[PDB]
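The chain below stands alone, shown as structure tokens; this is the form deposited in one PDB entry.
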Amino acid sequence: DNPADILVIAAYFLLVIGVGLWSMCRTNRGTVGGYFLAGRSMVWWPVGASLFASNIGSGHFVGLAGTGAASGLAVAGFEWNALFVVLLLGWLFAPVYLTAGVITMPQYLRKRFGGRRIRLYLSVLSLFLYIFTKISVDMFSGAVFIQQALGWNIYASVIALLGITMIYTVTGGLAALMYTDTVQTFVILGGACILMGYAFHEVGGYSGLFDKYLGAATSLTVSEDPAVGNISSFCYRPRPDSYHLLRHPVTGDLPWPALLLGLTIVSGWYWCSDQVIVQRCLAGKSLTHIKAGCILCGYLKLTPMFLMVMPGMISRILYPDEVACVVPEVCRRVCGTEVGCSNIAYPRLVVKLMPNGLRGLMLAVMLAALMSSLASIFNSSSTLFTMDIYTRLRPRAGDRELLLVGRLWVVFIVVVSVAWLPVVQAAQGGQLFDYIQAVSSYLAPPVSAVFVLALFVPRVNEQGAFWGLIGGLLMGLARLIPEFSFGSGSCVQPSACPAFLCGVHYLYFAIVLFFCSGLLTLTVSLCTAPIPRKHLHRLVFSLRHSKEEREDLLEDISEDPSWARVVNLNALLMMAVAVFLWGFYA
């Protein structure tokens, strides 16, 4: 309502419109290549900025600050795992996807294994995973942020947000979102650093955070409800391993073996196997540029500890009776959620700490985060649907029809997400960010398993790869179904779920499920008749440098020696900095 906020939001919209108009004037959106793969013309800084911006949504502010508030700094693990896995994208996965000549990741499996059915299976599974693990988090965390910071209607505001991002997505191709993602990455980091600064000033520096956080308990630990009573000292007190990434392998909330192995498997899928991230790398002008983009994205994937997780911990320190409330009556009075109020951590810092001018900037940050993630999901899902499902139903379709079907799919997935908004608003508190990481850990590891076996084990054939994916979903669904049955509850009200099904951390189930899907794929592969070498040139990590005539069931990825040498040294320096920071907070 102060004019400075409205001018900052209009200035942000003018930046995004301006870069969109410039990209549309520059690039060709008349062809499938241009609109879905940016012309394969995207140099390193759009690729890095877009990898970052496609990933960091409103979920990262609300979820990582919230979980920061609730559980301390191990949740940085989600982000910091990414750092290692992006080097598997640029150096292992991205080269093979450039030599395969693929527009989609289901198409890669079509070329590698050769059935009609692995491509269709994976497209449909990918579309569900984007409704459940990507669109859900953006709608939900957007709606949290609006409820707390703005106070507007959390239906109408989400319809408006989903509708503006619809236009932003359909209007330009992959070249408009990736240039716009360079501005959105600048706004996200810029405004998020300014909030980090205000937060750290309020606790009295970095020393302030680490001497006040373990003391930051609520004073209201007695419920008016009988059979709740005096709340346990275990839940309202901060965890005494709050300052440690590497938490106890059986009793830790994020066990360290589960963080390192189990997140690498789920991050495997998310960064190396999944249309949303990999489209950014299928649009790079060459492999050196993809690799350089993968370095930038890695350094940006450090920033979320300092910009989201530690600010959420400062919110617990500053507003302990509101962010760290345990009494259901008090939590229902504070944010409307009986199971806790972690999720208000990030949007209370914006309300309480930001002056007249910068509240607007932090609204622009959440909008930049929300729009970049939602647009990237809509565009990738548009590509999946168009180029895998619609080219099945119409093979002789052609590049004008496929762009129209592409643009109408964005309208349909927006309408599906409006339909889905009440089911995601049924998630009560910080439960949702556990559900998304649980669903990612039950559906993604069989896909991680087939992509690693597709890329490194040429014996693995179509029967193996398909029956591994279906075996994989059967095991994943055993966990997912019985769980969601028993609910979550809270630490105050624990669920009646049987220890067996869920004592085991969901990221540990990721490791089991990966090796079981991989084992089933290898076993059914080794039983059934193999795929020979004439079917496999430039589709496997071995044969990415082949030049031989493939028989089907940009091809040249050799880069300048000097620029190769530069990006290879920068991958090693970025891993040293990663490893130092994991040691520092271990």
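Each form is matched to the other, and the largest set of C-alpha atoms that superpose within 1.5 Å is called the rigid core. When you see a residue number, it is the position in the sequence shown, counting from 1.
Although not depicted, the form deposited in another entry is the subject of the following passage.
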Margin query: Against the rigid core, a Cα displacement of 2 Å or more between the shown form and the other one applies to just one of 258, 421, 469, 216. Which?
Written below: 421
Note to self: My question is whether residue 172 is one of the residues whose C-alpha shifts by 2 Å or more between the shown form and the other one, given a fit on the rigid core.
What the structure shows: yes
Margin query: Given a core-based superposition, decide whether the C-alpha of residue 337 shifts by 2 Å or more between the shown form and the other one.
Written below: yes
Notebook entry, point to check: Any chance the CA of residue 392 moves 2 angstroms or more between the shown form and the other one, core superposed?
Noted result: yes
Item checked: CA-CA separation of residue 270 and residue 170, closer or farther in the other entry than in the form shown [shift of 3 angstroms or more] -> farther
Notebook entry, point to check: residue 239 to residue 429, Cα distance in the other entry relative to here: closer or farther, by 3 Å or more?
Noted result: closer
